[PDB]
Structures are given as C-alpha cells and as structure tokens.
Amino acid sequence: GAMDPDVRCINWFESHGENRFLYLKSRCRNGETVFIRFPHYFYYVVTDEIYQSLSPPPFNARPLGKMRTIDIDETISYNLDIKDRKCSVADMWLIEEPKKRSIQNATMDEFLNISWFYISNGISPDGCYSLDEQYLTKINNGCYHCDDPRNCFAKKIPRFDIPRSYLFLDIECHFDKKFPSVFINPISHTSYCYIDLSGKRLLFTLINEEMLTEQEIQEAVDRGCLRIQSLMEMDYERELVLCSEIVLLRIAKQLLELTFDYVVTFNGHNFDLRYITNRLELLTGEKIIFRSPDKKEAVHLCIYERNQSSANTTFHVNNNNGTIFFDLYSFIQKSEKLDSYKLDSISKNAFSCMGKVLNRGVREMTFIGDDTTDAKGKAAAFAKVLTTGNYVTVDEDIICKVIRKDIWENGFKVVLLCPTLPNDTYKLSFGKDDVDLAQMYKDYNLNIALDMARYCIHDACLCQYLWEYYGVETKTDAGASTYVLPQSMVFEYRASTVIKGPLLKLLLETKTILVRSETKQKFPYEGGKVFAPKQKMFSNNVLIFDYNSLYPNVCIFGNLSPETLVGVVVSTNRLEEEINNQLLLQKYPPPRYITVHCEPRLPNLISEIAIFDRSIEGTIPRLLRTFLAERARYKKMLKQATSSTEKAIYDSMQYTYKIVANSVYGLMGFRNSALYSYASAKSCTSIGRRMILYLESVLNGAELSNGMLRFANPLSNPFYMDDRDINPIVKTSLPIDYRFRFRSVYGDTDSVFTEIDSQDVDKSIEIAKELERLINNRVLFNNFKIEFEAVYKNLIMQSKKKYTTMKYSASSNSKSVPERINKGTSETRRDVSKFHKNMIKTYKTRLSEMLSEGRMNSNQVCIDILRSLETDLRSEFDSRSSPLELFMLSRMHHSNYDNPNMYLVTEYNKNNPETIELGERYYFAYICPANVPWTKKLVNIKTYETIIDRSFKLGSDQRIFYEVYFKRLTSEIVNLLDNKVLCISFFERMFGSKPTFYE
Ligand SMILES: [Mn+2]
Ligand SMILES: [Mn+2]
Ligand SMILES: [Mn+2]
Ligand SMILES: [Mn+2]
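Numbering-wise (the working numbering), the sequence shown opens with residue -4 and increments by one.
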C-alpha cells in the first residue's frame, strides 16, 4: 500500500523522445525501489536586458542576482601599454524552456542542463530525502511523477545504508584462426554471477549443447548437469545448464532486460554484449529491449562510442531504464596507470597473499595463508577469489592448477600442481584460469566444455572481485556528489566535462561569468620534459621528498587564472626585454603582482612574461582551494569513522577530491575546456619547475656538521624579495657528532631525491625528518610544503618508470622488512639464464663496492669494470668450464596466437621418442657447431635454439653459442654504467652492433 517516503538516490537517467523527461531511481530503507519522473527543461542564462526582450516569454525564470561578466581572451603585449580587461555587471536570469531555443547572446552556454537541474532544485545526486508525498502523483506501480522537485525534495536527511542488486557476466565464443565473428562463430558459454539484495550470490553458467555429441550431452546430464529445451525450463539454482544456443541467447535477453542496479563486465560493452545482441538478431529475429520506468519509451540495445584525443575510445549501452551497465576495462584505463590492462595482469596485482608451506614432494606443494602470514585480511581477500579461481601463481612465475581448497572467513589452505623448491614462505598470485582456448575449441569434448565453464564463471566473478577491490560503488556516488552528475554519467563523461558542475557552483557563489569572445589560437604547453638521474647505481641511501600537490599549490601561490592575468609581455631583442622588465617591475610590483617567465610562444621572441594580480582571488585558485579543503575534511572523517562501510564512503570522497584537483593542470592547457588559459598553464609549469630547481640548489652540496645544516645556497624566494631569513646556515636538533653531506641526484615535476653519504637507514630517517622540518620552516614559504616519503637503499634507477630499490618508509625503522620495489622490467625464470643472473649479481656487487671507495671519474669505474668483463668473457669462451645448465632457458608450449617455436617443437616431436605435449614447460639453449669462431654478425638466432631434453648430450662437435648470452649480459651491464661513449665503443668492438639504452 503506502510508499516509504525515505529514499536514497542511486541513479538518474533521461528519455530522449519528442516527449522527454528526467528519471530518478531511488531505494527505500526496506529495499523497495521508487522511480520518480520529472519534466525535462533546457536552461539558459541571460542578462536582464535580453530577458525583457524575449519573443514569446520563457516558460519560467528565476533571477540570479548581479553578476560580473569578464573578457578572458589572452593577448600579448610588446610593451607595457596594457589595456584593462573588459568587465560588465548586470542582473542575470536562469530561464527554463521545454523546447531548445537560440538566444542571440545567452551566456554560461558551456554548462550542462543536468547540472542546472540539481543546482536549481537544491538536490544532491546521491542524497537521501523524506519525500513530500503531496508533490508526487502515481502513474504506474512503483513510478511517480513530480512537477515540483524543489518542494518534493525539500527535506534532506542523513545517509542510510541500502542493499543493491548486481549481475556480473562473461561469455566465451568459439574460434580457430581468426578473431570470433558473429556471422559464423557460435557462443559456447555464458556465465552469470548474481548478487541479490540479501547478499546471496548465485552462480550459473549456460553451456551450448550444439557443440557437443549427443552421447556427451547425456554424459553431462548423468554427471550432474541440467539439460533444458526452452527458456521456460531454466532453473537458476543450477550452476551448470546445457541448452541450445537460441535458448542461451533468449536467457541473456531476459536477464539483460531486468532492472538490476549494476550490470558489470570486463570489456563487455565492446565485445560480450555486442556479440550476444548481434547473434540474437541473427538466429531469431529478436532485439534486446529496455523501457523507461513508466513504459513510455522503449529502445533497442545499441552500443555507442565516446571519443577523446589528448587517445582512446570507450563503449556504452543506451538503456533508458536506470540500470548502470558498467565496463571495468574502460574504468580501469581511465583511473589507473598500469603496464598491462589485460585481466590476468590486473588480477595478479590486485589479489596476492603470502603462503606458508605445510607439505612438499610428489608433484604437489601445499600452502596456507591467514592473518599470521601477510597482513590483516589480505588472506581473507585471496580466499574470496579462491572460491571460483582454479589456477594460482606461485612466486611471480609458476602457474599451477588447484587440486583442493579449504576456505574460511579469514584464511585458506590450498594445494597446487607445481614443482618444489620449498622455503618456509612464498607469494601467491591470482587472476584468470590461464589456457590455450584456440586449442580447447579445436579438440572440444565434454571435459573441455566443463573446463571452459569453470574458466568463464571465474572471469565473471573476477568482475565482482575487482569491483570490490577498486571500490567502484562508492567512487560512483562520490563522483556523482562532487561532479554534480548522475552516477551513470560519472565514469562515462570525460574530465573536461566532470569539472563543470563544481565550477558552475563556484561561478554562482562568486557571482562571476567568464566569456571568451574569440577563437582560441592553437598551441597547448606540449614540451615533453622527461628527467634523467645523475647516476644509475647508488652505494649510498637516497632520501625521497615529495612536494604536496605542487600544481594546485602553484596556482594558489601565483593566483593563476585566466581573469587574474593582467597581460603577457613579450620581447624580440634584449633592449625591449630590458626596457619592458624595468617598467614591469615599476608598474606591477610584488607582492600584489607576480611576474612569471614562460617559454615564449613564437620562435622569434626571446622573453615572455605573464603578470598576475593576486589581490582578488581568481576562479581557478579558489576552485582548487575548495578541493583541497574538502579532501582534508574527508581524510579526517575517514580516520574518525570506524564502521568499514563508512571508511569506504569517506575514502572515496577523499580520492575523488584528489583526482579532480589533479585534473586542473591539464585542463588549463586543453583548448576545448572551461579552465583553458595558455598563460596560466604555462606560468604554472614554470613556477613549479622553479620550485624544483630552488630546492635542488639549496640541498645539492648541503652539509650537516655540528648542530648545523649548511644549505648550499641562500634561502632566497626565487620570484621576489621576501621577509624571511635567507641565512643558509641553520640550527638543527640532530646530534653534534653527526657529519653528513647531501647531493641532489634526481628531480622531476613534483619530487626530489637526495643522496646522503651514509648507509645507516635509522640515521638516514632521523636526518630526513629534520630536513623535512627545516625545508618547510626555512627553505619554503606560503603554501609550499614537502613530505619525506621514504629512504631508498640500493637504488638502481634508469628513470622514474624503470627503477629497482629496497624502500624503508617514514614509519619504518632500521630493522623492519623493506618493500622490494621493481618497476618496468621483463625477465626472471628462463627469460634470462643462470649464467646471466650470476654474472649480473657479481658485477653489481663489484660495482657498488667500487662507488664506496669514492675514487672514480665516471670513467675510472667504467674502464675498470669493462676490462673485467672482457677478461671474464674471453675466459669463459676459452676455458668453457661452465656447465650447460647455466645456459638453459624455458618456455611454455602452446598453439599460435610465436610462429618458429611450433616448428621447433613439431620437429623435436617428429624426430625424438619423447613428445613435448601442448601445455608442457620445455628447456632450450643457444647451441652452434664447434667450428664457428667468435661471431659478430648475427642471424635469426631462432636457428640456434635447441631443445634440451633428458637424453641430450652436447656434441663433441658443438659449442654453447656464448655470444648470444654475452651480448645480452653486457647490454644489461652498460645500462648500469654512466659513461655512454666508452660503452658503445666496447659493444661495437666485441659484438659488431650498437647497444640498447633504456631511455
Ligand atoms: Mn570476457
Ligand atoms: Mn572470458
Ligand atoms: Mn606526499
Ligand atoms: Mn601424446
């Protein structure tokens, strides 16, 4: 009977007919769901003078107050004759119109209608409300209409928790050589993971009958599977069902038309759903049909795309029913920087745990994980994935099937089909079930269909595991709140669009409108500035300091905004440059104005100087100031809340404010954007770069002796003269006996790395904490602060992208387990051989000791270690004492997509008693005839790849083709060195080739 008036908004969505509306989907405290319909309007902002003129009057209008409208067009000046920026004030009107309308000079045109709805009616997209039933009339069951949302939604109330419904799905399609085409290839499996409002999980997979033998189908039935002849006969409590492809497809249609809250896939929008839909249209006549919650609009499922050059394309479903069809692949690309976006990689990273060993031998290891073994509930997370996972990865390398599993709420005991090297502990990774599908389909029988079924249900459940892991639900709500957007639009729309809501709110609060009355000239701030460490290998510890949100703070410091730009003053020669500078300093003095040297915009200009008035806070800095404040709030709320549901909400809010803040720098240089300002963007780049150089200049050559830190330069504010004590000799609270010396070793857009002549990590942390304090209190100024993140022992670094170190964090002490940090790399188990590993490990240990002598050029180390390499290499090529075991490499056999490796294994099988079967792990080496001398040409090495089995003995008339292994080894060694010209000389002489340098 009676509707519950207490609702929590969870999505908003539009119909698009000639007769169009806005719809809300909300959830009551009980679990009932209320859809509410609102009439659509198109909003326009006009001046009072325009309002009064309007041909027929607008449907409705609310005044906005007086508002300053400002010309933000950017102009360069060749002298200091800079005209004031055009500014007018007028009473403004927000007008509502049911049909689109062209208004000759309407302002605020960039902002979205949906944003105006929320702002105007005073409605938060994710809020909870006690609806005033007085303003709702019913129209279907469950669906009401609201002509007056302002009054209906007048009583906002605190957040209550709600349950939600999910369908996670994945499908498998047949193929042999080409990528599956809908016209010829059938769907073989469809797997579903349904989460009910109760929390109950339902797993079911439909297998396509038509790809099995009548005898096999009956075997499946005999074994436990349900066979069905139509949609009508489907029992959803059966985990395995056999049916025709047409039935399977009809079942998909029925599920996809249901009003789940979320339908979640990994690349389902471009593949899985597209395929189901087209295949259905082919085999029967049928479409998949979504309907608005009042049944007024129906649409056929049609996947559409959205484009965004900086770059990628994303795919979206057009359902008008309130369901959020959400693709994890698209999302994980937008919101994470990763080397792989394959699902096995993303899962490997997300789901790992530490495994203590209980049994050994046979071909079966056994592990346990729990709170004792890794962290609190890291094993709980792993154990949830194990419910459906069938292959675990041991120690980054060993893929190996599960044989049995015991799962409880906090830990897992798992037994695995692998080799044996049993230490007390090992790392366990998850992800897919790895297979060769192409072969599975070629040989397809019942036991393979069931295998694929288990593989497929897991890829679906990975979507629910990753959805929990990335906190998508709460991020969606936080997004919707902060961006002033429907939940469904939060990760669909691009960054230039999501910033517009909070910008609009700011412009309204500051009674300001920004108008670009001109075509923007073309140029962004592209430059491609990438940063090279002073040396690669570090004997000493390295201290890591991060600026705090540098670019947000730079904009705040300089008050960088299109409308606070007084002007830009350019010069083509030094006379103009000097005259202009001396006039600049007279007419626009600090501290009210800041003047910023930028890279000049034209090639004939020798200087470009942007001048900003700091007296009246600019739009952009204030936007950022809000975002940092809001983030700060939520970080506190995060620590004061204790319910893990609440922790998640506040953690998301906090994240959302980080992201939107960091979007701003980019948006200032993106031409199609509401925050575009070439000068501001360039000035921001430039001020930040200067802050890096200032910090570096002060620390590079700095020493701590007695109680005093002797900064290497005076602590002068780099932009203008300052109240602060520039004295670089500074009292510290460290021990008098301490004597240390600092070197600026690397620095980038926001981070600075400082070598200290010391290996004692406990002291290094003591000192770095003091450095932090003095940098923040004496070196820096205004809103510029650094954190001391960590100490880096045994840094070996090529760039910020490729580096390896042990990391003692700021919490850390001398004797807690570091964090091994590897980045960018490609090797381990048979990618590289034991000869190589042993040689790299020695040449590192010899080289780190060489840097602790202090006696070196770049060259005296470089000459010394390359003499050593020749001597060891020529020695092994002569003596040949090293076993073949040291030169063996491994590889998995599999079918094509690789091509010469099938020829390698085929011919081995075709010529030898043993067979290397199609998922076996086989060994090989680079072997050549003994009568080949030191070779500096090269061929396709693939000819000297030689399968080494148990009965292989090295010919009396063969040798290990040492050159292959040597060339690879000295490549890795010269990339540790610093003298480049000496290394290239060596490598052309020894190998007749020019080396790689990871740049
Ligand atoms: Mn898939
Ligand atoms: Mn799959
Ligand atoms: Mn930090
Ligand atoms: Mn066989």
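In this text, a Cβ means the ideal position worked out from N, Cα and C, and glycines have one as well.
Query                                                                                                                                                                 : Result
Is there at least one non-hydrogen atom of ligand 4 closer than 8 Å to the beta-carbon of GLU915?                                                                     : no
Give the DSSP-derived three-state secondary structure of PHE981 in the structure shown.                                                                               : helix
Measure from the alpha carbon of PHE54 to the alpha carbon of each residue in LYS61, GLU92, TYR73, then state which is nearest.                                       : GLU92
For residue 1050, does the count of other Cβ atoms within 10 angstroms reach 16, so buried, or fall short, so exposed?                                                : There is no way to answer for residue 1050, as the model of the chain reaches only from -4 to 994.
Give the residues whose C-beta lies closer than 6 Å to at least one heavy atom of ligand 4, in chain order.                                                           : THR910, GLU912
Kindly examine ligand 3 and report whether one of its heavy atoms sits closer than 8 Å to the Cβ of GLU784.                                                           : yes
Measuring straight from C-alpha to C-alpha, what distance separates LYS582 and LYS797?                                                                                : 48 Å
Measuring only the C-alpha atoms, how far is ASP973 from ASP191?                                                                                                      : 60 Å
Residues in the same chain with beta-carbon distance under 8 Å from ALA925, minus the five sequence neighbours each way, listed in chain order, please.               : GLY950, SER951, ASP952, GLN953, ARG954
In three-state DSSP terms, what is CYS220?                                                                                                                            : coil
List the endpoints of the continuous beta strand (DSSP E) containing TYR546.                                                                                          : That residue, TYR546, is in no beta strand (DSSP E); its alpha helix (DSSP H) goes 545 to 553.
Quick one: what's got a C-beta closer than 6 Å to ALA293's C-beta in the same chain, skipping five residues either side?                                              : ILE284, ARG286
What would DSSP say about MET845, mapped onto helix, strand or coil?                                                                                                  : helix
Select from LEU868, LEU457, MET484 the residue whose C-alpha is nearest the C-alpha of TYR189.                                                                        : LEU457
When you compare the CB positions of residue 1000 and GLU240, do they come within less than 9 Å of one another, or not?                                               : Shown here, the chain extends from -4 to 994; a query on residue 1000 therefore has no answer.
Would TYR660 and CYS550 be called neighbours here (beta carbons separated by less than 9 Å)?                                                                          : yes
Considering only heavy atoms of ligand 1, does any lie closer than 8 Å to the CB of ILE298?                                                                           : no
Going by alpha carbons, who is nearest to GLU994 out of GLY987, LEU538, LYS975?                                                                                       : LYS975
Around the Cβ of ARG154, are there at least 16 other Cβ atoms within 10 angstroms (buried) or fewer (exposed)?                                                        : exposed
Is it buried or exposed for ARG773, if we count other Cβ within 10 angstroms and need 16 for buried?                                                                  : buried
So what does DSSP say about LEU17, is it helix, strand or coil?                                                                                                       : strand
With a threshold of 8 Å on Cβ separation, who are the neighbours of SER119 within its own chain once the five nearest residues in sequence on each side are excluded? : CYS4, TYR113, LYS151, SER476
Between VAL2 and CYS147, how many whole angstroms is the CB-CB distance? I'm expecting something under 8 Å.                                                           : At roughly 11 Å, the Cβ-Cβ gap does not stay under 8 Å, so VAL2 and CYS147 are not in contact.
So is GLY562 buried or exposed if we call it buried at 16+ other beta carbons inside 10 Å?                                                                            : buried
Taking 8 Å as the cut-off, is the CB of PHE321 close to at least one heavy atom of ligand 1?                                                                          : no
Select from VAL537, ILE644, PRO908 the residue whose C-alpha is nearest the C-alpha of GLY742.                                                                        : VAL537
Ignore the nearest five residues each way along the sequence and tell me which others in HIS889's own chain have a CB closer than 8 Å to its CB.                      : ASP431, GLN434, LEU913, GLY914
Relative to the C-alpha of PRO58, which candidate in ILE98, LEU597, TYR39, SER50 has its C-alpha closest?                                                             : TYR39
With three or more C-beta pairs closer than 8 Å as the rule, is the segment 455 to 470 touching the segment 313 to 323?                                               : yes
Taking 8 Å as the cut-off, is the CB of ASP743 close to at least one heavy atom of ligand 3?                                                                          : no
Can you say whether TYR386 is buried or exposed, counting buried as having 16 or more other CB atoms within 10 angstroms of its CB?                                   : buried
Alpha carbon to alpha carbon, what distance is there between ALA455 and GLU468?                                                                                       : 17 Å
With a CB to CB cut of under 8 Å and the five nearest residues on each side skipped, what residues in its chain are close to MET883?                                  : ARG825, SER828, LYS829, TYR918, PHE919, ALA920, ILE943
Taking only three categories from DSSP, how would you classify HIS311?                                                                                                : strand
I'd like to confirm something about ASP165: is its beta-carbon nearer than 8 Å to some heavy atom of ligand 1, or not?                                                : yes
Looking at the unbroken alpha helix (DSSP H) that takes in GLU603, where does it start and where does it end?                                                         : Premise fails: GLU603 lies in the beta strand (DSSP E), 602 to 608, not in any alpha helix (DSSP H).
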